[PDB]
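The structure appears right after this line, and notes come after that.
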Amino acid sequence: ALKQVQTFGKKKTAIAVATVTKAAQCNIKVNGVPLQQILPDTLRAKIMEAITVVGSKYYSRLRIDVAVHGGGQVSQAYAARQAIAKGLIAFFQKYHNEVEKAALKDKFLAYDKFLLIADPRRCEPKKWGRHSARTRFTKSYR
Amino acid sequence: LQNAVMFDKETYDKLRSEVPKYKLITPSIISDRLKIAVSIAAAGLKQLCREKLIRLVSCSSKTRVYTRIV
Amino acid sequence: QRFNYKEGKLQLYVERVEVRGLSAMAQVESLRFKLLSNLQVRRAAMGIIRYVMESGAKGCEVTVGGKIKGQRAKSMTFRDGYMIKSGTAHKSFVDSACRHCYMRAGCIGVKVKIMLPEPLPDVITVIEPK
Amino acid sequence: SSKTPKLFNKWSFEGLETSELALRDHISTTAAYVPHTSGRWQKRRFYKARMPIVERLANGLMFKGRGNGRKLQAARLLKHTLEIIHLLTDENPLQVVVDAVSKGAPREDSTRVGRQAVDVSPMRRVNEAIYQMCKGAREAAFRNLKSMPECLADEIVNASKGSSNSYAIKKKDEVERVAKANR
Amino acid sequence: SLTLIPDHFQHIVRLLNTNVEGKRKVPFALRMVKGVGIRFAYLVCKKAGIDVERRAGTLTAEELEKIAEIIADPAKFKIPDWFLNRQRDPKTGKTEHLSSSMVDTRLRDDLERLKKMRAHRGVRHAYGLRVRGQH
Amino acid sequence: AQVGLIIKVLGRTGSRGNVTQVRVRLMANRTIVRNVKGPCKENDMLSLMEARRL
Amino acid sequence: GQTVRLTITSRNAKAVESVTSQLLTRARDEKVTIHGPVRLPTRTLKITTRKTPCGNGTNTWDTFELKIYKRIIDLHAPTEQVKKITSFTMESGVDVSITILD
Amino acid sequence: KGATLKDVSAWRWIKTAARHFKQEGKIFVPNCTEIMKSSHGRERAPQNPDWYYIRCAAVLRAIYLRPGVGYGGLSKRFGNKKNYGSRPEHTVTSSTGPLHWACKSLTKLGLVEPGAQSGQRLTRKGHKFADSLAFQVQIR
Amino acid sequence: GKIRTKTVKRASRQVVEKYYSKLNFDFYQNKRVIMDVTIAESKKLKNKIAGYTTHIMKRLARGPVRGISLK
RNA sequence: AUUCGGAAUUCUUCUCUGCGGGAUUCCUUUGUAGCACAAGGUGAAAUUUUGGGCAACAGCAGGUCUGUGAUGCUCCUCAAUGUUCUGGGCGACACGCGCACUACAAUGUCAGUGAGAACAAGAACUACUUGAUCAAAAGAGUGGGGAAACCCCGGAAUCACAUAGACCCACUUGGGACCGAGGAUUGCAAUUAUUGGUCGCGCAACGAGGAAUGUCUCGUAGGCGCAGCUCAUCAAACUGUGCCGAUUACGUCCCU
Ligand SMILES: [K+]
Ligand SMILES: [Mg+2]
Ligand SMILES: [Mg+2]
Ligand SMILES: [Mg+2]
Ligand SMILES: [Mg+2]
Ligand code: NA
Ligand code: NA
Ligand code: NA
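Here's what the structure looks like:
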């Protein structure tokens, strides 16, 4: 019937939520903007990796809408490519076999671990007597 | 050092007869071969592209790389 | 009067402390009483330690410092039993107090630390089977 | 319907190889789409021998206070650099780049253990070849009319041929000569 | 702009008793005059009907007379009073624009006037000190 | 410049410990002891254009 | 009929959870529909100041923090029913405010 | 077959709309636009001879995306970092003077109307204009 | 961590003697057994106790262990 | 088919949080001569998981009597070293020293256009919208709204642009010190500029810095802005928060 799934992915503070649906024609948009209007062309090649790695024939009749908040210019391009990659796996688990899903999942991991697993690195707090997380005040003797 | 700011008769025909025979054409490269500013060297190259005498290869907001038409 | 409470809206009751040998607030005031009287400092500090240890304490410590004898300041501590000093749980298993006693010359400051006997953070017991 | 990635959708990674046997296992030629990735490459001791060679170049252009942390700008500078290399050499730009890091560092060095001539570890030859070439181009474009893509392309193209008109080849010839005297 | 050198290209041009380079753009060659800045030199180019994409040194004397007349008195041309450097002159009360050698000579009058009446800014100027409360 | 293969890491010599002592097997089977500058591990490969053991 | 909103706020975490857990049981005895409770975000109050009283030696600071806890429960019952639900001896530190929703 | 806004390049819509305003010759341009800095955080004048038309097309697109936006909201969108001399830089919002004139010019064209109790929003005519222009750029 | 302390090693030996017939070589079942037969306020400590108790049981399966008297 | 903003149903993937779970050298192998180590596996996390807090016993003639209604002993005590009021100073100098901010440009400056955080604070002062506007900015003035409900779909700056824009290697559209003339705002009071905005000056050094020298091992250095505190007005400082994001080593006892 509806054939709907919802996933998510985070990089530093960006939280991107996807929504994969069964429709008539392939359509992927990020925050409203289509995929081919994303700039710079470098960050658009990172998001398109979640498609070229497995092939576009597995996105044949899927419609994906990603809504990203938090983070910055590059955090949001990495959170959005996780939600798209995790979304394809979640849709195949709910409506296909395990043989088909297992082949997809290994291809994503054989290319990049962080296509399905979140990066746990976060900002380190600042401490008094220091200008940063680890840089102390300048010392003078005479 | 001392680069001209407008084309004269002898520099203009060199731009329209010798530049189209260079493997690599850039505003900076043509500037030191004709002794003109990079501001008017870039304008002369945009003219040659419009009439289709050189081929664009890499285009950006601040960088442009040309070459021979064939 | 200070807080402008309306009449019939404020009430106070007084309840009695269970055991006076386990409150350093009361013990330090017994110590000051001896000190403001003609009492030997060592004989004064030995009374507090023996009392609280007899009353059922788990570790005690008394510190008296400042112009005890002569024109030079000095510190005299008296420890007995076990007492933790580090960590966060030390704020629940230890009680403390302080006071400033006005001598004829100078000032004297005395502290009393009492270890009140949730289990300790790093003790493990194994239940006897059967 | 997958396909092997090409750098900037144009340059092919197929057939990339090193003619230097010693350095074969320390230059990485795994295919990628852009010089940008977010991986923890400094977690183990020998993890930077797997990071792709072109990404290491882009990391060497982010120097000084002006250049610190500008990785997207460094990718754009490399995009134009490979275009100029193709016109100057008429070869695959990726084959020229790995021919430069295999010829830009001294094979013998002298140190203060006693100075004494000392051989150089293969991981040091790769690290120093990238560092010397990025530094030679950055200083040759300071107060010059040339832009940096044209300076960097001249550095890499000259280093791949072993020409003495390269900054990295000049330092390699001096260091190797000095170490031989201390042998 | 692929326009050939005119036979009358003037590498040095004279304006308001000031030498002006004949290789810069028009707004940035008029900034060489005293009293005309970058922001003021764009307004002068609009009021004189001169394209700002030409090199100074291609313009003729008729263009230079119009330029030197706008700068001399910017009132007839609708340049607002909030745009002139000397408004409500303290000794005459008339708004004007000071340019060329008159910028220096009137600055000399400002210092000589403060010193004559023994004001605090006068004595500090006479002793070659700082006057705006800098330590 | 013949090639050699590192077969064992003897130890870290030098006052400040920036030079390693290794035994190489000439792949051009002779085991020669040499000094090496920079990070190195077993099964590496130097390009040789002896030394006293640590 | 009407909707009444109860706000619980205190400086101690255990006291807040004890009172709210009491109100739910009392409310269910009166057979009253319940919307909640909701755990609102806790605000943290911070003050940082120098340790030395004379300004000497190394510059050392300490940070003092306070936490404030907040819960809300929406009931469906007239005033008299609510007047009986909340009439108990809550421990010190906790306050409960009655609001009639529109 | 058809197209709407947000399906086309943001600039190519603004460049096309600014040409429409200039060629029709109906929009109202204030006289202060020839002598003014776009903000007090700038250093020099806008230096593009058609800079009022570019902002009006940029302001209209902003109202389309976020209905109910006011002059203070648009100034956040057109702010910049100011050069303070030998002191650290800071962020200054744009001046709401020129934004007040830009919403007046669009209102007289009928493309913008005052909102419901707050802000400005575009009318039905403005909706047809915005989307019709988006189809024109798409078909090149 | 790396190296275990006296608190862990002493307590983990009383467990072996009292409850020797409820333990085996699997860490996860042993931890469930231990959490019911001991008192402590920190789950980190109970993890290490079950870690060392598993280590002892492997040694007992080979030969005698010093300081452990099953009797 | 795709977009935008009335009525409805349902429902927790994301957000909120009081108590819980989870990691233990757990598993395999090597060097092996019980304690352990290295590589790999499992995994969100693999070694004190990461970053902090608390921290023994002894001592310094270390600082503070300018915090305190903590004090010994001293001093002055009625035109007084008490207390209040007025004015000035703590801000004075072509001298020396510590710590910062801005630069010396093209990996740039200027003019546009795009996408897009987190921690906080607010009278119970913070802030929106609309006038002013038939014509600079800063301002003034009117209606309203508040504490996960208002500000707020928190429109930060680095950043990006196929923007078919300007400049072209020069103390120059780099740099912005010093100074002049209008005008507005805080305050009882701006003359030693309180601060902000407009035009002008830029002919003030500065083109990468001698001997010496500080800090630093991964979301770290460096770069970039934002809140709080001081506060009627003023942050080149401090205390926090997020954004972009590397080079080198994973060693030794040479210097300390
Ligand atoms: K500046
Ligand atoms: Mg200091
Ligand atoms: Mg700065
Ligand atoms: Mg830049
Ligand atoms: Mg201070
Ligand atoms: Na600057
Ligand atoms: Na002393
Ligand atoms: Na040092």
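From first to last, the protein sequence lines are chains V, S, R, Y, E, W, F, Z and A. For what it's worth, our numbering labels the leading residue of the first sequence as 148, then goes sequentially. For what it's worth, our numbering labels the leading residue of the second sequence as 3, then goes sequentially. For what it's worth, our numbering labels the leading residue of the third sequence as 73, then goes sequentially. For what it's worth, our numbering labels the leading residue of the fourth sequence as 132, then goes sequentially. For what it's worth, our numbering labels the leading residue of the fifth sequence as 9, then goes sequentially. For what it's worth, our numbering labels the leading residue of the sixth sequence as 6, then goes sequentially. For what it's worth, our numbering labels the leading residue of the seventh sequence as 28, then goes sequentially. For what it's worth, our numbering labels the leading residue of the eighth sequence as 140, then goes sequentially. For what it's worth, our numbering labels the leading residue of the ninth sequence as 174, then goes sequentially. Heads up, the beta-carbon is just placed ideally off N, CA and C, and yes, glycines get one too.
> Pick from Y:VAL257, Y:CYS282 and Y:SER252: whose alpha carbon is nearest that of W:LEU51?
Replying inline: For this step, residue 51 of chain W is matched to residue 46 along the sixth sequence. Residue Y:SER252 is the option with its Cα nearest to W:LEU51.
> Quick one: what's F:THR71 bridged to in DSSP?
Replying inline: Translated into positions along the seventh sequence, residue 71 of chain F becomes position 44. Partner(s): F:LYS94.
> Of all Cβ atoms in chain A, is any one closer than 8 Å to the Cβ of R:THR135?
Replying inline: Here residue 135 of chain R refers to the residue found at position 63 of the third sequence. Chain A places no beta carbon closer than 8 Å to that of R:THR135, leaving this residue out of the contacts.
>> Quick check: what's the CA-CA separation for Z:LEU272 versus Z:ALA156?
In response: Taking the first residue of the eighth sequence as 1, we reach residue 272 of chain Z at position 133. Taking the first residue of the eighth sequence as 1, we reach residue 156 of chain Z at position 17. Cα-Cα distance, rounded: 7 Å.
>> For the stretch 274 to 289 of chain Y against the stretch 32 to 51 of chain F, do three or more pairs of beta-carbon atoms, one drawn from each stretch, fall closer than 8 Å, so that the two count as touching?
In response: No, they do not touch.
> By the 10 Å Cβ neighbour count, where 16 or more other Cβ atoms means buried, how is A:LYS219 classified, buried or exposed?
Replying inline: By 1-based counting over the ninth sequence, the position of residue 219 of chain A is 46. Answer is buried; the Cβ neighbour count reaches 16.
> Do three or more CB pairs link the stretch 179 to 198 of chain R to the stretch 181 to 199 of chain A at distances below 8 Å?
Replying inline: yes
> Shorter than 8 Å from the beta carbon of V:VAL201 to some beta carbon of chain Y?
Replying inline: Taking the first sequence and counting its residues from 1, the one referred to as residue 201 of chain V is at position 54. Closer than 8 Å: yes.
> Can you list, in chain order, the residues of its chain whose CB lies under 6 Å from that of E:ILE75, leaving out five sequence neighbours each side?
Replying inline: Reading the fifth sequence from its first residue, position 67 is the one you call residue 75 of chain E. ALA56.
> In terms of alpha-carbon separation, which member of Y:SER143, Y:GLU259 and Y:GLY191 lies closest to Y:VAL227?
Replying inline: Working through the fourth sequence from its first residue, we reach residue 227 of chain Y at position 96. Nearest of Y:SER143, Y:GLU259 and Y:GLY191 to Y:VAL227, Cα basis: Y:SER143.
> If we count Cβ pairs, one from each stretch, closer than 8 Å, do we get three or more for the stretch 179 to 194 of chain V versus the stretch 263 to 279 of chain V?
Replying inline: no
>> Just verifying my parser: in three-state terms, what is the DSSP assignment at W:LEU31?
In response: By one-based count along the sixth sequence, residue 31 of chain W stands at place 26. Looking at W:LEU31 - three-state DSSP - the assignment turns out to be strand.
> What are the start and end residues of each continuous beta strand (DSSP E) run of 3 or more residues lying completely inside the stretch 142 to 169 of chain R, in chain order?
Replying inline: The qualifying runs are 147 to 153.
> Hey, is R:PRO189's beta-carbon within less than 8 Å of any beta-carbon in chain A?
Replying inline: Within the third sequence, the letter at position 117 stands for residue 189 of chain R. R:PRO189 does not count as touching chain A.
> With respect to the alpha helix (DSSP H) encompassing Z:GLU252, which residues constitute its N-terminal and C-terminal limits?
Replying inline: For this step, residue 252 of chain Z is matched to residue 113 along the eighth sequence. It is not in any alpha helix (DSSP H) - Z:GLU252 instead sits in the beta strand (DSSP E) that spans 251 to 253.
> Can you list, in chain order, the residues of the stretch 206 to 231 of chain V whose Cβ is nearer than 8 Å to any Cβ on chain Y?
Replying inline: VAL221 and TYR225
>> Taking 8 Å as the threshold (beta carbon to beta carbon), is S:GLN4 in contact with chain E?
In response: Here residue 4 of chain S is taken as the residue at index 2 of the second sequence, counted from 1. So, not an interface residue.
> Taking Cβ-Cβ distances shorter than 9 Å, what residues in chain R pair up with A:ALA223?
Replying inline: What you label residue 223 of chain A is simply residue 50 of the ninth sequence in a count that begins at 1. Correct list: empty, because the minimum Cβ distance to chain R is about 12 Å.
> What residues from chain S crowd round E:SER9, counting only those whose CB sits closer than 8 Å?
Replying inline: Start at 1 with the first residue of the fifth sequence, and residue 9 of chain E comes out as number 1. Per Cβ cutoff of 8 Å: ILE42 and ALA45.
> Going along chain Y, which residues have a C-beta under 8 Å from residue 73 of chain S?
Replying inline: No answer is possible for residue 73 of chain S: the residues shown for chain S start at 3 and end at 72.
> Alpha carbon to alpha carbon, how far is F:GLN49 from R:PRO191?
Replying inline: Here residue 49 of chain F corresponds to residue number 22 of the seventh sequence, with the count starting at 1. Here residue 191 of chain R corresponds to residue number 119 of the third sequence, with the count starting at 1. Roughly 28 Å between the two C-alpha positions.
> What residue range is occupied by the uninterrupted alpha helix (DSSP H) comprising V:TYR258?
Replying inline: Here the question's residue 258 of chain V lines up with position 111 in the first sequence. Looking at the DSSP string, the run of the alpha helix (DSSP H) that includes V:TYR258 is 245 to 258.
> Count the other CB atoms within 10 Å of the CB of Y:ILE184; is the residue buried (16 or more) or exposed (fewer)?
Replying inline: Counting from 1 along the fourth sequence, the entry for residue 184 of chain Y is found at position 53. Y:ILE184 comes out buried.
>> Is Z:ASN222 a contact residue of ligand 6, with contact defined as CB to any heavy atom under 7 Å?
In response: Residue numbering aside, residue 222 of chain Z sits at position 83 when the eighth sequence is read from its first letter. Answer for Z:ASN222: yes, Cβ within range of ligand 6.
> Could you give the uninterrupted runs of the alpha helix (DSSP H) lying entirely in the stretch 164 to 234 of chain V, keeping only those of 4 residues or more?
Replying inline: Counting only runs of 4 or more, we get 188 to 194 and 196 to 199.
> Within the 8 Å Cβ cut-off, does W:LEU53 reach chain Y?
Replying inline: Counted from its first residue, the sixth sequence places residue 53 of chain W at position 48. By this cut-off, W:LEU53 is an interface position.
> Any C-beta of chain E sitting closer than 8 Å to the C-beta of Z:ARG181?
Replying inline: Stepping through the eighth sequence from its first residue, residue 181 of chain Z is reached at position 42. Not one chain E Cβ lies under 8 Å of Z:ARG181.
> For Z:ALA241 versus Z:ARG194, is the C-beta distance shorter than 8 Å?
Replying inline: Translated into positions along the eighth sequence, residue 241 of chain Z becomes position 102. Translated into positions along the eighth sequence, residue 194 of chain Z becomes position 55. Yes.
> At what residues does the alpha helix (DSSP H) containing W:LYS42 begin and finish?
Replying inline: Taking the sixth sequence and counting its residues from 1, one reaches residue 42 of chain W at position 37. Per DSSP, W:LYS42 belongs to no alpha helix (DSSP H); it is in the beta strand (DSSP E), 36 to 42.
> When the Cα of A:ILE176 is compared with those of A:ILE222, A:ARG239 and A:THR211, which residue comes out closest?
Replying inline: Locating residue 176 of chain A in the ninth sequence gives position 3, where the first residue counts as 1. For A:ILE176, the nearest C-alpha among the options comes from A:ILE222.
> Could one say the Cβ of residue 13 of chain R lies closer than 8 Å to chain A's Cβ atoms, at least one of them?
Replying inline: No answer is possible for residue 13 of chain R: the residues shown for chain R start at 73 and end at 202.
> Would you call V:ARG289 buried or exposed, if buried means 16 or more other Cβ atoms sit within 10 Å of its Cβ?
Replying inline: If you number the first sequence from 1, residue 289 of chain V lands on position 142. Result: exposed.
> CB W:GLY9 to CB W:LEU53, shorter than 8 Å?
Replying inline: Working through the sixth sequence from its first residue, we reach residue 9 of chain W at position 4. Working through the sixth sequence from its first residue, we reach residue 53 of chain W at position 48. Taking 8 Å as the Cβ cut-off, W:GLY9 and W:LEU53 qualify as a contacting pair.
>> Among E:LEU137, E:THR113, E:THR66 and E:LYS84, whose alpha-carbon lies nearest the alpha-carbon of E:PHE17?
In response: Your numbering for residue 17 of chain E matches position 9 in the fifth sequence. The option with the nearest alpha carbon to E:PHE17 is E:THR66.
> Any Cβ of chain Y within less than 8 Å of the Cβ of V:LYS193?
Replying inline: Within the first sequence, the letter at position 46 stands for residue 193 of chain V. Closer than 8 Å: yes.
>> Give the residues whose C-beta lies closer than 7 Å to at least one heavy atom of ligand 3, in chain order.
In response: Z:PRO227 and Z:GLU228
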